[PDB]
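Take a look at this single chain, the form solved without coenzyme A (COA), given in structure tokens.
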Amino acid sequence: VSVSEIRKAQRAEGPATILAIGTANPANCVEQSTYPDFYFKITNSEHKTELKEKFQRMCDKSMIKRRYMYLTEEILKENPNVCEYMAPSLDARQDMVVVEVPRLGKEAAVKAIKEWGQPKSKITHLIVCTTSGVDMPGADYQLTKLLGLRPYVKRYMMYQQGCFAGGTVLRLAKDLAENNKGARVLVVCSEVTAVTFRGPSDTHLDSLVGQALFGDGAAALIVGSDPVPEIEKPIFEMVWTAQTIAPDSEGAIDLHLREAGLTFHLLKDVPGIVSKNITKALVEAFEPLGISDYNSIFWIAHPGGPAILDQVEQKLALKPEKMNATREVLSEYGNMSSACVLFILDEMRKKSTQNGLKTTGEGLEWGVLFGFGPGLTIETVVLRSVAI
């Protein structure tokens, strides 16, 4: 047997391409304007006047209009340990998210498969990504079951990943599609805040900020190299990826899975660290392509908070329109952790097509997608649009 023959016959030829995007969110919609009143009443903290004022300002500055949440008032009233700031509550939280993560991801995945138009039996790889809960067999096994994928689908279960992982799953699917002839990767990010929700405490305002920002959602992609012309429909192409850890950012964002659920901590200035290091990330990606005008590429940035977006825009002098798709997803859905950046790609390509632009990346050729999260980690994906 010749391994070099086997190897040339095994691998794909072209760039890993996004061929379909589908999204889903819990039915329960939570208005941001009145969230403070609702959250202080459900967590029994109505008597903390200075603290609720603090949360009202947080919610007012978030630039989030609404979020979708698996957690309802009814569910929360049955779980006082989840409504406390710190009470043993992981078993109850796990019981919710071990079921909700695959459920919600299945909705998003069905949508993406329908868009793609090809038999689910041609799905050869599955990436499932979440930051809410873990189990064995994982959510990857659950989604194989729920979707009726072939039992020999090759699975990649990405657990406890964090806000920066929409970039990581793309980085992964790129190598899976490109190195394997005929491979079609289903990619699912599904994030539920039932593991992080907790009551307010005036000595942990970083935990509280989280309660203003994180929302639920799943996004699914079909990724593959060598699309069949006129049968499959390219949306975006991946060209180059990177992951780095920003200097001076030790302990900026930490989340620990405990008996009281997933705690959320912010010890450094995230917006300032991201803004200070985004240029270096851009030159590593775009210098080899000869591009240095960052207003000439389309943008996708994980909206960890609005201040990240503002401080990046200001550092680079981005025109205000560059972050439009990013800010629309933040407005309608809040920070959905790893899924957010995938919703943004959907928003951008949908708006570009609806508005008659020349490419799926706002009429521009090249673009960038950034994931930001614990480490402080920056994930970079270089994208090329598709004509029409």
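When you see a residue number, it is the position in the sequence shown, counting from 1.
Although it is not shown, the form deposited with coenzyme A (COA) bound is what the next lines describe.
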What stretch, of 307 to 315, 236 to 244, 111 to 119, 86 to 94, brings heavy atoms to within 4.5 Å of coenzyme A (COA) in the deposited complex? 307 to 315
Of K358, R57, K41, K319, which residue is found within 4.5 angstroms of coenzyme A (COA) in the deposited complex when only non-hydrogen atoms are counted? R57
From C189, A139, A177, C163: within 4.5 Å of coenzyme A (COA) in the deposited complex by heavy atoms is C163
With a cut-off of 4.5 Å between heavy atoms, is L289 one of the residues that contacts coenzyme A (COA) in the deposited complex? no
Mark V209 yes when one of its heavy atoms lies within 4.5 Å of a heavy atom of coenzyme A (COA) in the deposited complex, and no otherwise. yes
Does any part of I253 reach within 4.5 Å of coenzyme A (COA) in the deposited complex? Heavy atoms only, please. yes
Partner contact for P271 in the deposited complex: coenzyme A (COA), 4.5 angstroms, heavy atom: yes
Of 204 to 229, which residues get within 4.5 Å of coenzyme A (COA) in the deposited complex if you count heavy atoms? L205, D206, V209, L213, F214
